[PDB]
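Two separate entries follow, structure 1 and structure 2, each one form of the same protein chain as C-alpha cells.
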Structure 1
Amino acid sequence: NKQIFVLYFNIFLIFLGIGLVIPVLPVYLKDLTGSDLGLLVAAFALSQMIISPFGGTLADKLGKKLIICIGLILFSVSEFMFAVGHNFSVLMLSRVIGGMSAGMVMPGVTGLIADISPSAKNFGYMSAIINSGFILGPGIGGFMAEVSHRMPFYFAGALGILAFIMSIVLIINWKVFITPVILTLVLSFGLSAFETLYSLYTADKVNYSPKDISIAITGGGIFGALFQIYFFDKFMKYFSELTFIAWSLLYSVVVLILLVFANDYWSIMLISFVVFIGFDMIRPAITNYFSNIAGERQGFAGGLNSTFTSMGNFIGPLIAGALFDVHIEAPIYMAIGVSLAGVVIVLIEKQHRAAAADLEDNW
C-alpha cells in the first residue's frame, strides 16, 4: 500500500537531514576547522540518541499518528532555522531540535511499519532506505548548493511540510548482543566519519567542487543501493552472516586504502562509486544478525540497533574532524582501523561459535 511508501519517505527525509549539511559545511568554514564541523554534524545524532527512548515513551503516552506529525514539524522548523540562522549557537540549536525531530519520528515510523505490514524483509528495506538516505544526503545537498548556499535547507523544509500533508492525508543474557552492537557502532563509525571527511578530503587532495563531490557521492550511493537490491539474496545464499560481514569489511578496507593511494581526479571518482558497496551490504547484514539472535524481544533489539547507530553517528564526526585538523588523511586511517577492529571482532565471534559447536559435536 501507500502507507509503507509515505513512511519510508519520512525516514528517508529524516536521515537525509543528517547529511544535507555536509557540502554546505565547507562554505560555512569561511564564515573554521574540521573540529566544529564534526561537532555540528554530531549534534543531530547525539540529540536523536538521547531522545529516542523519551520519544518512544511519549509516543506510548500519545502517538503512532501524532508523534510523527510533531516530529515532522520540529524537523521543518529546524531546517528553516538552519536556512535563516547564521549564529553558531543558532546552528547548534537548529541541529539539536533536528535531532529531537529525528528521535520523535523514528520510533513512530518503525512501530507503524512493524504494525502496518505483515513482516523480516520490511526491516531489511528499512535498513536499506536508512543507509541510502544517509549516503545520498550530501549528494543531493551539494547538488542544490550550486543554485544557492541555503537552497537545500529550504527544499528540505518544503519536503517536511509536504510530509506533514501526506501524513495528515494518510495513516535474557546480554552476551549475545555484545557482538552485533559493536559491529553496529563499527559500521556507523566507518561510514559517517568517512562521509564527513570525504568531501573535505576531496576538496584538498584534488581540489574538487561541490557539484563534483555531489555527483560522486550520489553515484556511489546509487551504485551501492542497486548492488544491494540486486545481489543481497545471492550473497546471503553464498556466505553466512559473519563471513559476509567480514568480507564486506575487508572490501571496505581495500577500497579505502586505494582511496589513500589515489591522486588522479578520475581515479578517486571511480573509487567513490564502489566505496559504498561494502557498507550498503554490511548494514542489512547487521539488521539480519540482530533479528536472528533475538527471538522474542524484537522491539528491544531494534531499539538497541537504533540507539547504537545514533551513538556511532555521533562519535564518528567528532573524532573525524579532530583527526582531519591534525592530519589530512587521518580520518581514513581511523576508518580503516575501525574496519579492521570489526574484522577482528567478527573473527573472534566466529571462532567462539566454532569452538562451541565443535565441543557440542564432541559431546
Structure 2
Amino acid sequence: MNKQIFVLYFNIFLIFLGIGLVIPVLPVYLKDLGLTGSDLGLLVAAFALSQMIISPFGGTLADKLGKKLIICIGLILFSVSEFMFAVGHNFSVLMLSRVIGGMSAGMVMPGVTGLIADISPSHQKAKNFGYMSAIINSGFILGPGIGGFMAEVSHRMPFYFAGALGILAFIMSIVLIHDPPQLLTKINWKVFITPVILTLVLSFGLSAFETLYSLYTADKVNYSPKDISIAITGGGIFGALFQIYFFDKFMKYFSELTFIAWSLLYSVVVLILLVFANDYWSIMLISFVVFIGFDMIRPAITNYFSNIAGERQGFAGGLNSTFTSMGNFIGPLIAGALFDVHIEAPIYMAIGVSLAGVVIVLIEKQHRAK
C-alpha cells in the first residue's frame, strides 16, 4: 500500500484516540475538585457535538480551498486543542478545549475521506471503507487503553503525549503527502432507515458503556487507572482477534440480521452478568466478553450499507459517519445524568438500547420476510 494511505488512516486513528482519551481519568479528574457526572458526560458530548456542527462547513471549505491544507490546519488545531486540555484547571477551559478538539476532528475528517476517495478507484471503494471502519473502531477502543497506562506516572501528560503525537502526524502528513445537489430528491430513504438506526444503536451502546464503565468500576471496586487501562485493552484485543479470526466462519451459517440479533443478545446478557459481578478479577474477565460482543455488529452494519447502497458508496459512508457521531454525542450525555440519578442506571439504559435494537432487527426482518 502507498504510505500516503497509511498516513491518511493514521490521522483517523489519532482523531479517534483523542475522542477516547479522557475516559480513564474521567472520575479522578472531576471527583477530586468537586464536579458531578452530568458534566463528565457533557465533556465528550461537547466533543462529538462540535464534530457534528463543524463537519459540513469544514467539508465545504476543504472542497473549495483544498484537502491537504485543510488536513494540516486541522491537525495543528487538534494538537493545540489537546495541549490546552492538559493545562486547564477549571471546567470552562476544559469545555473550550473539547469544543476546539471537536472542531479540529470535524474539519479533519472530510479532507481525509475526500483524499482517500480521490486515491482509490471504483474497485477499492469498499475495501478502503472497511479499513476506515476498522481503524475508527480500533482507535475508539484503544483510546482509553493507552490513556490509562501512562496516566499512572506524571498524571497530566496523556494529552501532552497526544499533543506530541498530533504534531508528529502534522509534520509527517505535510511532508509525505504528494498532493499539490438534487441527488437526495430521487432517494426514497425507505430502506436506509434500519441500518441508520442500527449504527445509531451501536454507537450509543459502545460510547455509553465506555463512559459508564470507568465511573462504575472506580466507584464500586475502586479501580486505579491502570486497572481500567488493562481491562479496556484486553477487551479490545480479544474482540478484534475474535472478529478477524472467526467472522468468515460465522457468515457461512447465518444471515446478517440474525447474526446482529444474536450478537445483541450476547451483549445484553454479558451486561447483566457484569451488573451482578462484584469482584476485581470477575469484572476484569467480563470486559473481554463484553467487547467481543460489541466488536461483531459494526462490520455487519458496514456490509449491510455496502450491499444496499450499490453504486453510490459515498452516500452510505457519509450516513454511517454522521450517525456514528450522533451516537457518540447522545450516549455519554445521557450516561452522565443517569450515573448522577443512580449508580446502576447507565447499564439499565444500555440494556434498553440493546433490546431496542433487537426489536427493530426483528421487525425489519419480519416485514422483509412477509
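Only the largest set of C-alpha atoms that superpose within 1.5 Å between the two forms is called the rigid core. Quick note, the numbers are simply positions in structure 1, starting from 1.
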A Cα shift of 2 Å or more between the two structures, after fitting the rigid core, is seen among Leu258, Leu162, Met151, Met236 only at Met236
For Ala114, does the CA position differ by 2 Å or more between the two structures when the superposition is done on the rigid core? yes
Rigid-core-superposed Cα shift at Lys205 between the two structures, Å: 1.9
Taking the rigid core as the frame, how far in Å does the Cα of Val24 move between the two structures? 2.0
